[PDB]
Amino acid sequence: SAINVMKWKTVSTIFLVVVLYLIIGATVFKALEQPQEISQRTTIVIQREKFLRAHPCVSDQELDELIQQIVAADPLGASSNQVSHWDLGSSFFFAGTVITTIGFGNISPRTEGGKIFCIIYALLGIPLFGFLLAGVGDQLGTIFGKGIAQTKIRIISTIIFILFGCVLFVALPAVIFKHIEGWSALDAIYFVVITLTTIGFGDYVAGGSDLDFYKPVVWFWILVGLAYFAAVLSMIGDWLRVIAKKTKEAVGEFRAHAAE
Amino acid sequence: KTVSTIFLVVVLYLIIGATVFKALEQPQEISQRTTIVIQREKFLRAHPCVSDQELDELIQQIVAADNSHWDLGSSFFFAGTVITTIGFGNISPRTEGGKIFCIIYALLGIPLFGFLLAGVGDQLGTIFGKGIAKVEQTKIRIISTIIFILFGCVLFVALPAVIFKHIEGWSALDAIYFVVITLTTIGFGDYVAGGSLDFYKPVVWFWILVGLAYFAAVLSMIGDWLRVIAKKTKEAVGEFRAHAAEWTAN
Ligand SMILES: CCCCCCCC
Ligand SMILES: CCCCCCCC
Ligand SMILES: CCCCCCCC
Ligand SMILES: CCCCCCCC
Ligand SMILES: CCCCCC
Ligand SMILES: CCCCC
Ligand SMILES: [K+]
Ligand SMILES: [K+]
Ligand SMILES: [K+]
Ligand SMILES: [K+]
Ligand SMILES: [K+]
């Protein structure tokens with residue numbers, strides 16, 4: 001049971017590194033988001049007061065319960081007639097979000113039957129889509145293997161892999177998203193990263209804004225791009241332990257010599 | 001590539017799910033969307049000083065309000081959602097540098113968290129191994145897997161959902177719904193435990209840490225069950241065609 005002691009040491013150290021990494025990212029995001037927050041938090045109260053004052057004739061407090069009744073929309077007399085969010089197409093993009101575990105959450109089920117089905121549908125879809133993604137990844141890895149046909153040559157081959165990768169699966173689809181969805185250059189690249197890393201905040205969605213040839217390419221862009229980041233995230237993880245183990249040899253060697 | 005036709009089965013599984021969700025969600029959509037129209041007209045008539053016009057400006061500036069959070073701790077939990085690939089989206093980055101940092105922070109954190117979760121999973125798999133090597137011939141393997149899934153759904157689904165039901169104010173289904181959506185790394189964000197003061201939220205993120213390793217094992221077994229079912233349906237298709245050809249010969 002000595003190897004179990006050796007495992008628990010490594011596990012606890014990784015968890016201490018993860019916490020540090022989380023603390024670092026925490027401080028950086030809040031040092032990047034708190035400023036625009038407080039500006040918006042004060043300029044929304046300016047608009048509250050300047051439209052309570054212009055119209056004190058509401059039962060003034062209901063503005064806040066009104067806003068609550070509007071955060072439930074999370075309509076107007078103009079275009080009181082819309083299209084669905086669970087139409088013949090969006091439900092098949094939402095079934096895709098469930099099995100891919102990207103879960104943008106822009107439209108989530110509200111029926112108890114829908115919630116229970118979504119649970120069973122995920123528990124069966126996540127493994128099934130895993131076999132699909134594995135088959136697609138093996139297929140594309142052999143397409144790359146055919147096209148690439150000692151250690152220095154294989155580093156060059158990994159470089160040209162990552163290059164065509166960001167070209168086909170990052171550059172081109174982001175430009176397509178920038179064109180049709182009307183996003184910026186960063187918003188497109190941000191959307192590509194958040195989608196194919198299976199994070200999917202839902203702040204940007206390709207099928208959210210209201211050609212029907214658009215989407216069949218989207219979910220099958222998503223399918224193959226997931227195989228791509230799967231390889232890329234695996235290479236990044238491999239890079240992390242190589243750096244991690246050689247920083248461990250350097251610290252042990254640093255300490256040991258102690259400037260002679 | 002004949003095996004790679006799983007694609008087509010996945011597309012069916014999607015088309016099937018599609019027809020089910022629109023048969024489960026588009027109805028109440030209409031009920032909700034017609035009960036919103038009634039509310040608006042109930043607000044212009046009941047408040048005649050507010051006109052058609054002031055309402056539109058109000059709705060616009062609140063849809064803009066859709067775009068305290070990022071506090072000393074909520075940014076830590078955002079980072080937790082980033083590396084776990086759960087990404088509730090309840091609080092998303094808006095700064096240009098915040099977006100780029102979020103990109104880089106994910107590309108580097110997701111592998112790191114993968115190593116952590118792998119270490120926690122191996123550690124918990126051996127903790128499980130100690131208990132079951134004691135409680136646990138060919139048939140017994142099924143009972144052992146039953147005891148795994150049974151006692152795991154207790155610790156990582158039942159008990160934390162009851163905790164969420166009481167404390168967070170959800171239903172039994174909303175709790176179980178949240179548990180699955182979270183620990184399957186899907187995370188729509190419709191329900192978030194700490195999305196709606198340093199003790200409820202770290203206990204959850206430690207739960208999340210260990211429950212992810214739990215569903216990871218559960219999802220892998222289910223995939224293995226699917227593999228067994230698929231091979232045994234293939235051998236049954238070969239049986240059916242073989243005797244159907246037998247019969248045609250007769
Ligand atoms: C990002 C942290 C770098 C050092 C890792 C922890 C060293 C103990
Ligand atoms: C005991 C192992 C510590 C490793 C820290 C590495 C920092 C880059
Ligand atoms: C859930 C039922 C799917 C039908 C099985 C597919 C056999 C080719
Ligand atoms: C190859 C046949 C797939 C059957 C899947 C059924 C899962 C309920
Ligand atoms: C409430 C149960 C709904 C059934 C969906 C398969
Ligand atoms: C040590 C097991 C914890 C289950 C929640
Ligand atoms: K998500
Ligand atoms: K989300
Ligand atoms: K994952
Ligand atoms: K995921
Ligand atoms: K996700």
# chains A, B, ... in the order shown; residues from 1 in each chain; ligands from 1
>>> interface_residues(of="chain A", to="chain B", cutoff="7 Å", atoms="only C-alpha atoms", output="JSON, numbers by chain")
{"A": [11, 14, 15, 18, 22, 23, 25, 26, 29, 30, 32, 33, 34, 57, 58, 76, 86, 87, 91, 92, 95, 96, 98, 101, 102, 103, 104, 105, 108, 109, 110, 111, 113, 114, 115, 119, 123, 127, 128, 129, 132, 135, 190, 193, 197, 198, 199, 200, 201, 202, 203, 233, 236, 237]}
>>> residues_near_ligand(ligand="ligand 2", cutoff="6 Å", atoms="only C-alpha atoms and all ligand atoms", output="PDB file with N, CA, C and O atoms, in the first residue's frame")
ATOM      1  N   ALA A 244       5.563  20.235 -15.681  1.00  0.00           N
ATOM      2  CA  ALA A 244       5.413  20.012 -14.247  1.00  0.00           C
ATOM      3  C   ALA A 244       6.543  19.151 -13.697  1.00  0.00           C
ATOM      4  O   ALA A 244       7.105  19.448 -12.636  1.00  0.00           O
ATOM      5  N   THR A 247       9.839  21.147 -13.830  1.00  0.00           N
ATOM      6  CA  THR A 247       9.913  22.127 -12.754  1.00  0.00           C
ATOM      7  C   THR A 247      10.134  21.448 -11.409  1.00  0.00           C
ATOM      8  O   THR A 247      10.701  22.059 -10.499  1.00  0.00           O
ATOM      9  N   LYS A 248       9.715  20.188 -11.269  1.00  0.00           N
ATOM     10  CA  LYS A 248      10.005  19.457 -10.040  1.00  0.00           C
ATOM     11  C   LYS A 248      11.481  19.086  -9.953  1.00  0.00           C
ATOM     12  O   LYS A 248      12.079  19.150  -8.871  1.00  0.00           O
TER      13      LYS A 248
END
>>> atom_distance(atom1="CA of residue 159 (chain B)", atom2="CA of residue 199 (chain B)")
17.2 Å
>>> closest_residue(among="A:243, A:259, A:231, A:38", to="ligand 1", atoms="only C-alpha atoms and all ligand atoms")
A:243
>>> residues_near_ligand(ligand="ligand 1", cutoff="7 Å", atoms="only C-alpha atoms and all ligand atoms", output="VMD selection string")
chain A and resid 17 20 to 21
>>> write_last_selection(atoms="C-alpha atoms", output="PDB file, in the first residue's frame")
ATOM      1  CA  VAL A  17      -2.207  23.692  -7.566  1.00  0.00           C
ATOM      2  CA  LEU A  20      -3.987  28.352  -6.586  1.00  0.00           C
ATOM      3  CA  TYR A  21      -4.888  28.411 -10.282  1.00  0.00           C
TER       4      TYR A  21
END
>>> residues_around(residues="residue 174 (chain A)", least_positions_apart="6", cutoff="7 Å", atoms="only C-alpha atoms", output="number ranges by chain")
A: 188-189, 192
>>> select_by_dssp(residues="region 12-219 of chain A", states="helix (DSSP H, G or I)", output="JSON, numbers by chain")
{"A": [12, 13, 14, 15, 16, 17, 18, 19, 20, 21, 22, 23, 24, 25, 26, 27, 28, 29, 30, 31, 32, 33, 34, 35, 36, 37, 38, 39, 40, 41, 42, 43, 44, 45, 46, 47, 48, 49, 50, 51, 52, 62, 63, 64, 65, 66, 67, 68, 69, 70, 71, 90, 91, 92, 93, 94, 95, 96, 97, 98, 99, 100, 112, 113, 114, 115, 116, 117, 118, 119, 120, 121, 122, 123, 124, 125, 126, 127, 128, 129, 130, 131, 132, 133, 134, 135, 136, 137, 138, 139, 140, 141, 142, 143, 144, 145, 146, 147, 148, 151, 152, 153, 154, 155, 156, 157, 158, 159, 160, 161, 162, 163, 164, 165, 166, 167, 168, 169, 170, 171, 172, 173, 174, 175, 176, 177, 178, 179, 180, 185, 186, 187, 188, 189, 190, 191, 192, 193, 194, 195, 196, 214, 215, 216, 217, 218, 219]}
>>> residues_near_ligand(ligand="ligand 6", cutoff="7 Å", atoms="only C-alpha atoms and all ligand atoms", output="number ranges by chain")
B: 155-156, 207
>>> atom_distance(atom1="CA of residue 167 (chain A)", atom2="CA of residue 151 (chain A)")
24.7 Å
>>> closest_residue(among="A:234, A:10, A:100, A:61", to="ligand 11", atoms="only C-alpha atoms and all ligand atoms")
A:100
>>> closest_residue(among="A:213, A:254, A:177, A:161", to="residue 228 (chain A)", atoms="only C-alpha atoms")
A:161
>>> closest_residue(among="A:37, A:13, A:195, A:159", to="ligand 7", atoms="only C-alpha atoms and all ligand atoms")
A:195
>>> residues_around(residues="region 160-169 of chain B", least_positions_apart="6", cutoff="12 Å", atoms="only C-alpha atoms", output="list in words")
residues 152, 153, 154, 175, 176, 177, 178, 179, 180, 182, 183, 191, 192, 193, 194, 195, 196, 200, 201, 203, 204, 205, 206, 207, 208, 210 and 211 of chain B
>>> atom_distance(atom1="CA of residue 212 (chain B)", atom2="CA of residue 107 (chain A)")
23.8 Å
